[PDB]
Amino acid sequence: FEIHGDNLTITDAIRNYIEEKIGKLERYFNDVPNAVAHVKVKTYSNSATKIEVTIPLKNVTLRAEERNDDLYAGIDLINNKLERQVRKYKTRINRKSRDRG
Amino acid sequence: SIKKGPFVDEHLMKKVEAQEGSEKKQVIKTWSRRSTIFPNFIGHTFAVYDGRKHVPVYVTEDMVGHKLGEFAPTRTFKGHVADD
Amino acid sequence: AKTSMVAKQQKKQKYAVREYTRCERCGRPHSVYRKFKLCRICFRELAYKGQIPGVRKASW
Amino acid sequence: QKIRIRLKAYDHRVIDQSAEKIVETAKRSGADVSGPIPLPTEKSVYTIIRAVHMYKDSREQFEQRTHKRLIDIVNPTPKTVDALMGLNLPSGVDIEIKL
Amino acid sequence: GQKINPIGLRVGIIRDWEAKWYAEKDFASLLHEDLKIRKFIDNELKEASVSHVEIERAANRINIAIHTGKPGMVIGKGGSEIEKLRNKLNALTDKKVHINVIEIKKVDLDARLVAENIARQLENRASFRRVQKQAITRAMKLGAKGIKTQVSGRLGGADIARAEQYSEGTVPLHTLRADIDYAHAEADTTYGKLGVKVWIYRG
Amino acid sequence: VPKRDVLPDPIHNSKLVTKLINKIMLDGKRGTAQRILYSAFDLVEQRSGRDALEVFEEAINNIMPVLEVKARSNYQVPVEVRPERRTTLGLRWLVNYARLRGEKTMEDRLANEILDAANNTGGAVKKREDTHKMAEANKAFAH
Amino acid sequence: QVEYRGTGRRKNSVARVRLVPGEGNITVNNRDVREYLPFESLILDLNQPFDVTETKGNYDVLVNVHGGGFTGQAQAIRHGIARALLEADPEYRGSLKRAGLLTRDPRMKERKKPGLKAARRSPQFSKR
RNA sequence: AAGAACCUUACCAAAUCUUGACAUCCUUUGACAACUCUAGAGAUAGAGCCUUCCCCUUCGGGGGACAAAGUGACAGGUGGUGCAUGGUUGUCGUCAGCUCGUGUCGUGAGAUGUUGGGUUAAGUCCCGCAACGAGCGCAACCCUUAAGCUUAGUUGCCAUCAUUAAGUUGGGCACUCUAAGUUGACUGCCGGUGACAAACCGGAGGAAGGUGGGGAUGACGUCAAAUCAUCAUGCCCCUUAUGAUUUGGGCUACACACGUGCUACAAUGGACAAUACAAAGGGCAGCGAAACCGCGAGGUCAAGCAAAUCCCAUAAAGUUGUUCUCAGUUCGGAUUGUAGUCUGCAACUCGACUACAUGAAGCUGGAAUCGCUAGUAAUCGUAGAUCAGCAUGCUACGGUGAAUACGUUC
């Protein structure tokens, strides 16, 4: 959703690519009101690839983060973090009922 | 509003009173922001620096809720996706 | 830009009001008093120097 | 029907000690002095922000004291005239002579 | 937070004003007129290693005294510069000003002299933690119960700024009656700006 | 943690009426709340010519439950409810069930309601019941 | 005659109470209180000093009050009177100070401060 | 950004320019120009015209300062790097912890102290404890407020007086109130309890009794947090320009979403008419007083004033009677256009405000979710900054005045 990126003009193939690959996770649970992404470029002089993202939640939020050479490998990391996140968050939880007295 | 009563830039006036006697000219590059209507500015056709460049108009009788401060809405198509 | 805005403000005008009074020391134009002609943060910057009363702090 | 003055100091004792030493000068050659009548000492404020760019909510307050201090004396002689205009220090006061 | 100098706090209660003059709503003229004097004394800050100065003005004249560490330097010798300096301030003050200089002792203890001392000799490419160690080693000497000596910038003329500080002794801050000293300096060799922070404790 | 005494009500030399005003005293405008309430007195003390304290103590005791419940997953327990919370309970179900009558005037619905439960009618006696139905339906799985 | 005196202060509303023995009859600055304070019919509680101390009464009233609106102004009445009865005789502190009446509850309106807008509430938060 | 028409505004346009818009160094040297004319969009120039060595000159110089020019450095860069930085700030969080010196034990990194019991707002305090002492930090410590005594009585007050429409006149400083120094609240004192001690509950007094109210204050470190666009500055780059003056646009456009907040969805209500109570600040050609004009905006002159004096000013909610009698309503006033006031030369894109009419959804909001432990929440107004003009914002002031706190399950 909210995407501001400094020192670069965004394009559209990255949009369908990244946001569709994020859409794959409605296995659990999406729940897709906000998804704030964040970037920047930063001379080292090897000189950057910032890949930072929020993926906020019902009653809570989150953070995944990464820096890379390149946006494809560097992105497969904003995903394959959130996956494991959402998964756990659902496991959880506590049902093993048990009468009382 | 105005405080009794209408005003004008007066350096344009020095132009119209000059071109007012003969067969009146109809070509003007000008500035025309703080200059409101009155019927000595007729016989003459106005192209006002719109914000980028000058832009003509045939002056015409019905010009009562109108003035030359601008008649080209300068937001320039539009700024908007839809039309009016 | 900045350096020549400094000269823009203090040279003459056409009439009364197309003119500003920013801060002397810093060039901070906005949110600045006319009492001392001193911006938001120049006074703090020179409040701690304690030249003037001045108080600092917390009774109101 | 007597001398009356107004003193404004930004340290809250000089009003009192200056008032009393000039009173001493005033009753030296004279008498009939009304005292340092207090006035409410109105204030000021400056709502300054603890920032440079943003974070407008984190701010703070400088202020000011503006005291007025009303002192008189009756039945002049030109030596208590000099009691006014003999000693003025500390001159942070806004001393104003009247009658 | 984060932190802030206590000289902002202890002032207004238990220390001086760094200037004075009587009261009326022409602060504008008086104020910035004074501020260039406060600049103009760079002439002697470059020349005497002084602490500071706080003025107090008369009805129609001006009284001043610079709190200085190098007395024979500021004096000239035979007052060979005192009267021309009256003229030069007066010249650029655009108003008469009666100089009356005042030396500072104990010796170079307080924030100012110590601060730009260590900054300058540090900008002589000095192994600074030793120089700091020497400053403290003559500071606890002179008598005060807590010193702490911080500095930042790209140190060693090298990569990213970090900041070292050698603390010492008892130097409370959250307290309110301390009457203490603080400074920050500015002087660079190669990379940017390297600034120090001084701290002491009197009584 | 203690509970903000009212000295008395200086009407009737009572206490309960003030405890009710403060629930009606919208905007802190006691003048208009004690207005509409005094109107309530003369009106209801006209209809079925009696006192407030009769229809008041009556109807406040007719809706007031002696049980209600609470959860703690969430298991809903029966408990003898404590008295002051039981008081403000009767007050609250009273007034909050009152305004929904679809009736114009400040007072008529109110007197309609206290007169309702005065004869063991009205939805606040009803909620008293359902509270006392869940309760003793709530004895099995929680008591 | 002999007018006892108590002086009450709540909510900017000073109560220079000129109590004097007699009948008991009100003049809020040369004016009865009943018409004066909106609306108001809470004057039973104002003769509380007579309600519980040397009960019933009465002593006659003159009073010079100013400041604030009626409420704290109608509360310096109490401390004015009761402080005037302890001034009359502290015999009945054991029925006054059992009702207080000398505790000028110094609560007031605190300063304004960041976040506070048209009515005093912490902000709303950003969401999702 | 505490006030985007111009300005600010840099972005866009063009008229122009280049030791320049702007400064320092070297010179001819000169006091630097007032007002007009020509054209111009202004910049400006042609200019006229009058700027015209003023401090001290013994004849010359010196010298504030020049007229533009010459002079080569130069100047400048909203041009970038908050990751090259300093400085400053939010942050967990006002969370209470974080450290050392000495001595020990450990092969060794390290631990010890900082742990055990109890207790506290808390490394608070105490008992014990190869440990002992300090450093930071908590509290006090500074402010402001409730109770108080004393000093000083106006422009403040009348308790005794007559006097005035009137605290106005004469009188008084008694009293509120007034700004400086004074105690009082420190588990201080009593009872119980407790490892007696630390310490908990209650009592007494007291105005305040449990770190009195609130603020000031943010330990070690985390966020390569924000900041070169506060300011300065390391490196790079421009320099007939990324630098500059000048006029005009525009930073405010809206198929869209979001966030933010303000306002109605009404009979406790709406509208009418009479009436009372606040605090706090500001004020010189600035606060504008009556009287006058008008539907109002506003304007006529000017009373008074560097202020406990004169003005902003009048308070609002409330209350008083009337009526409205549940509507898309006497709710709603969005909207659109008609007509006036004030501002600055200047209200088109783009200032509000004044009477006319028009009178939309909206009849309390789904799922969702946020603040708050009492003068709170909730609610009515006042004034200060910014200010030619401009606040559903912010700031400060007040006046009115609730439910809930079982228990820490979760």
# chains A, B, ... in the order shown; residues from 1 in each chain; ligands from 1

call {"tool": "closest_atom_pairs", "arguments": {"of": "chain C", "to": "chain H", "cutoff": "6 Å", "atoms": "only C-alpha atoms (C1' of nucleotides)", "output": "tab-separated table"}}
result
residue	atom	partner	partner_atom	distance
C:1	CA	H:10	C1'	5.6
C:4	CA	H:21	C1'	5.3
C:18	CA	H:7	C1'	3.7
C:19	CA	H:7	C1'	5.2
C:31	CA	H:2	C1'	5.1
C:58	CA	H:216	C1'	5.5
C:59	CA	H:144	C1'	5.0

call {"tool": "residues_around", "arguments": {"residues": "residue B:83", "least_positions_apart": "6", "cutoff": "12 Å", "atoms": "only C-alpha atoms (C1' of nucleotides)", "output": "ChimeraX atom specification"}}
result
/B:76-77 /H:253-255

call {"tool": "write_last_selection", "arguments": {"atoms": "N, CA and C atoms (P, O5', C5', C4', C3', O3' and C1' of nucleotides)", "output": "PDB file, in the first residue's frame"}}
result
ATOM      1  N   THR B  76      -4.110  24.047 -16.203  1.00  0.00           N
ATOM      2  CA  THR B  76      -3.469  23.409 -17.347  1.00  0.00           C
ATOM      3  C   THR B  76      -3.791  21.922 -17.472  1.00  0.00           C
ATOM      4  N   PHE B  77      -5.065  21.594 -17.703  1.00  0.00           N
ATOM      5  CA  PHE B  77      -5.481  20.258 -18.146  1.00  0.00           C
ATOM      6  C   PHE B  77      -5.062  19.170 -17.148  1.00  0.00           C
TER       7      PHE B  77
ATOM      8  P     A H 253      -6.662  22.105  -4.866  1.00  0.00           P
ATOM      9  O5'   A H 253      -6.588  22.534  -6.396  1.00  0.00           O
ATOM     10  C5'   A H 253      -7.665  23.192  -7.062  1.00  0.00           C
ATOM     11  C4'   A H 253      -7.612  22.893  -8.539  1.00  0.00           C
ATOM     12  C3'   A H 253      -8.174  21.530  -8.925  1.00  0.00           C
ATOM     13  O3'   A H 253      -8.728  21.546 -10.234  1.00  0.00           O
ATOM     14  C1'   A H 253      -5.852  21.577  -9.372  1.00  0.00           C
ATOM     15  P     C H 254     -10.109  20.780 -10.496  1.00  0.00           P
ATOM     16  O5'   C H 254      -9.894  19.330  -9.873  1.00  0.00           O
ATOM     17  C5'   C H 254     -10.881  18.760  -9.016  1.00  0.00           C
ATOM     18  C4'   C H 254     -10.825  17.258  -9.005  1.00  0.00           C
ATOM     19  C3'   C H 254     -11.462  16.611  -7.779  1.00  0.00           C
ATOM     20  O3'   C H 254     -11.867  15.268  -8.091  1.00  0.00           O
ATOM     21  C1'   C H 254      -9.182  16.128  -7.791  1.00  0.00           C
ATOM     22  P     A H 255     -13.218  14.936  -8.911  1.00  0.00           P
ATOM     23  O5'   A H 255     -12.895  13.552  -9.648  1.00  0.00           O
ATOM     24  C5'   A H 255     -13.744  13.044 -10.673  1.00  0.00           C
ATOM     25  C4'   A H 255     -13.462  11.595 -10.990  1.00  0.00           C
ATOM     26  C3'   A H 255     -13.522  10.643  -9.819  1.00  0.00           C
ATOM     27  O3'   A H 255     -14.827  10.328  -9.371  1.00  0.00           O
ATOM     28  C1'   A H 255     -11.625  10.139 -11.123  1.00  0.00           C
TER      29        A H 255
END

call {"tool": "residues_around", "arguments": {"residues": "residue B:30", "least_positions_apart": "3", "cutoff": "7 Å", "atoms": "only C-alpha atoms (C1' of nucleotides)", "output": "VMD selection string"}}
result
(chain B and resid 47 to 49) or (chain H and resid 41)

call {"tool": "residues_around", "arguments": {"residues": "residue A:30", "least_positions_apart": "5", "cutoff": "12 Å", "atoms": "only C-alpha atoms (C1' of nucleotides)", "output": "VMD selection string"}}
result
chain A and resid 19 to 20 22 to 25 35 55 to 58 82 to 83 86 to 87

call {"tool": "write_last_selection", "arguments": {"atoms": "N, CA and C atoms", "output": "PDB file, in the first residue's frame"}}
result
ATOM      1  N   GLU A  19       3.547  -7.263  -4.852  1.00  0.00           N
ATOM      2  CA  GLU A  19       2.263  -7.323  -4.167  1.00  0.00           C
ATOM      3  C   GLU A  19       1.496  -8.595  -4.478  1.00  0.00           C
ATOM      4  N   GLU A  20       1.698  -9.197  -5.651  1.00  0.00           N
ATOM      5  CA  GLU A  20       1.084 -10.492  -5.896  1.00  0.00           C
ATOM      6  C   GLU A  20       1.750 -11.559  -5.046  1.00  0.00           C
ATOM      7  N   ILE A  22       3.136 -11.176  -2.224  1.00  0.00           N
ATOM      8  CA  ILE A  22       2.561 -10.982  -0.897  1.00  0.00           C
ATOM      9  C   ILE A  22       1.140 -11.515  -0.821  1.00  0.00           C
ATOM     10  N   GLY A  23       0.373 -11.406  -1.899  1.00  0.00           N
ATOM     11  CA  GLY A  23      -0.988 -11.901  -1.875  1.00  0.00           C
ATOM     12  C   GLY A  23      -1.091 -13.406  -1.731  1.00  0.00           C
ATOM     13  N   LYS A  24      -0.004 -14.113  -2.014  1.00  0.00           N
ATOM     14  CA  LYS A  24       0.013 -15.568  -1.901  1.00  0.00           C
ATOM     15  C   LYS A  24      -0.228 -16.069  -0.477  1.00  0.00           C
ATOM     16  N   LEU A  25      -0.074 -15.188   0.509  1.00  0.00           N
ATOM     17  CA  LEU A  25      -0.083 -15.606   1.899  1.00  0.00           C
ATOM     18  C   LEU A  25      -1.465 -15.560   2.526  1.00  0.00           C
ATOM     19  N   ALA A  35      -0.121  -2.167   4.144  1.00  0.00           N
ATOM     20  CA  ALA A  35       1.135  -2.831   3.861  1.00  0.00           C
ATOM     21  C   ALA A  35       2.111  -1.759   3.424  1.00  0.00           C
ATOM     22  N   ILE A  55       4.271  -5.066   7.731  1.00  0.00           N
ATOM     23  CA  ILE A  55       3.176  -5.913   7.270  1.00  0.00           C
ATOM     24  C   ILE A  55       2.183  -6.003   8.421  1.00  0.00           C
ATOM     25  N   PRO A  56       1.560  -4.887   8.795  1.00  0.00           N
ATOM     26  CA  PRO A  56       0.908  -4.789  10.104  1.00  0.00           C
ATOM     27  C   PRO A  56      -0.274  -5.739  10.210  1.00  0.00           C
ATOM     28  N   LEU A  57      -0.777  -5.890  11.425  1.00  0.00           N
ATOM     29  CA  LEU A  57      -1.671  -6.974  11.787  1.00  0.00           C
ATOM     30  C   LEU A  57      -2.923  -6.432  12.473  1.00  0.00           C
ATOM     31  N   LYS A  58      -3.891  -7.329  12.633  1.00  0.00           N
ATOM     32  CA  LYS A  58      -5.036  -7.126  13.510  1.00  0.00           C
ATOM     33  C   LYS A  58      -4.548  -7.034  14.953  1.00  0.00           C
ATOM     34  N   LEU A  82       7.809 -12.697   6.477  1.00  0.00           N
ATOM     35  CA  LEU A  82       6.407 -12.526   6.836  1.00  0.00           C
ATOM     36  C   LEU A  82       5.664 -13.855   6.876  1.00  0.00           C
ATOM     37  N   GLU A  83       6.030 -14.770   5.985  1.00  0.00           N
ATOM     38  CA  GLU A  83       5.405 -16.086   5.959  1.00  0.00           C
ATOM     39  C   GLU A  83       5.455 -16.710   7.348  1.00  0.00           C
ATOM     40  N   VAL A  86       3.373 -14.723  10.140  1.00  0.00           N
ATOM     41  CA  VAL A  86       1.939 -14.975  10.109  1.00  0.00           C
ATOM     42  C   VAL A  86       1.613 -16.401  10.534  1.00  0.00           C
ATOM     43  N   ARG A  87       2.429 -17.349  10.086  1.00  0.00           N
ATOM     44  CA  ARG A  87       2.230 -18.748  10.444  1.00  0.00           C
ATOM     45  C   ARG A  87       2.166 -18.920  11.959  1.00  0.00           C
TER      46      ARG A  87
END

call {"tool": "atom_distance", "arguments": {"atom1": "atom CA of residue G:19", "atom2": "atom CA of residue G:63"}}
result
7.3 Å

call {"tool": "residues_around", "arguments": {"residues": "residue E:86", "least_positions_apart": "4", "cutoff": "7 Å", "atoms": "only C-alpha atoms (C1' of nucleotides)", "output": "count of residues only"}}
result
5

call {"tool": "interface_residues", "arguments": {"of": "chain E", "to": "chain H", "cutoff": "8 Å", "atoms": "only C-alpha atoms (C1' of nucleotides)", "output": "ChimeraX atom specification"}}
result
/E:1-3,13,152-154,159-161,168-170,172,174-177,186,190-195

call {"tool": "interface_residues", "arguments": {"of": "chain F", "to": "chain H", "cutoff": "7 Å", "atoms": "only C-alpha atoms (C1' of nucleotides)", "output": "ChimeraX atom specification"}}
result
/F:1,22-23,27-29,32-33,36,72,104-106

call {"tool": "residues_around", "arguments": {"residues": "residue G:124", "least_positions_apart": "5", "cutoff": "12 Å", "atoms": "only C-alpha atoms (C1' of nucleotides)", "output": "ChimeraX atom specification"}}
result
/G:115-117 /H:259-261,369-371
